[PDB]
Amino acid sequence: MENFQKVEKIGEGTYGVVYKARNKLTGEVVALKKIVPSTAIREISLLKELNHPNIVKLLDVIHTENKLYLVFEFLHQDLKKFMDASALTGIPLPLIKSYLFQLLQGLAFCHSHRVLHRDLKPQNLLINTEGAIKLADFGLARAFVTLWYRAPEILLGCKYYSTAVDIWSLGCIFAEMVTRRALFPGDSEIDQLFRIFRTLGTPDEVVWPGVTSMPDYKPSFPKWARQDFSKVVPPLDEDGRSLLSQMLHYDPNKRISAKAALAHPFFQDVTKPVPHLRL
């Protein structure tokens, strides 16, 4: 721990403060997250084995007197900041497509190892000058404020949700890159839920078998009609709209998997362009 020289504070993460650090020993520039229960210890130890080029590498874990430090590889910017930076002009479709493709590969990898993220959002998506995008904070939720990317089954009380929640979240982020506006900016659990309802229509037994039996489901939920999908993500092409609708399917079991999504015609012409970051 004294092996680190805090270069500066990046910001407040979900589980603590994040500092840019320099390994006084190896000189490597890393990201230090100042996060303890023995169960969370084995859980994040298992995360060290979860390596993929689209997953932010957990270099080391340092436990010392209730203090838990997670040493991560450092990336220069997050997707939230990049989106704002390219808000007026919009992120080019080839870069949007490239990013979604890479995130799906990363998700496909984690999901193949029965590891869910559970909390995908633009701030935990880190990018570099080389065109790569990675998933940050993977597995930390199972281990240990924005509802915008929350899957509906989570909002309806499902206590044993699946990998499908990450697909839903990524779909919301996908739509946000395309339109330059958050898809469902809920400011309360009920507002989030109803925002989803107003756009995708209020779910029933037809589209989502067993929805009415969900814990937080109320028969009194207003019945909104599903909106024309072409009004949701204009001007995304038919392939993208097809993929997005599949990623936003109400029934978690019918929602497209990361693996399957990678096969969608939308990616037939995927390339790896680089973003222009002003570091």
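Sequential numbering from 1, following the sequence displayed. Heads up, when I say rigid core I mean the largest set of C-alphas that superpose within 1.5 Å between the two forms.
RMS Cα deviation from the shown model in 8 other deposited structures of this protein, rigid core fit, is larger for 22-30 than for the other stretch of the pair 22-30 / 210-218. In 8 other deposited structures of this protein, superposed on the rigid core, the segment with the larger root-mean-square CA displacement between 159-167 and 126-134 is 159-167. In the deposited sequence, the stretch from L248 to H249 has no residues without coordinates, so the chain runs on without a break. According to the record, the deposited sequence contains 10 or more residues between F144 and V145 that were left without coordinates.
Comparing 126-134 with 168-176, the stretch with the higher mean C-alpha B-factor in the PDB entry is 126-134. Mean CA temperature factor is higher for 57-65 when stretches 217-225 and 57-65 are set side by side in the entry. In the PDB entry, the Cα temperature factor peaks, among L103, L116, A87, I190, at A87. Sort the modelled residues of the chain by CA B factor and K20 lands in the middle third. In the deposited entry, the Cα temperature factor of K159 places it in the highest third of its chain's modelled residues. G139 sits in the highest third of its chain by CA B factor, as recorded in the PDB entry.
Sort the chain's modelled residues by C-alpha temperature factor and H52 lands in the lowest third, per the entry.
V36 sits in the highest third of its chain by CA B factor, as recorded in the PDB entry.
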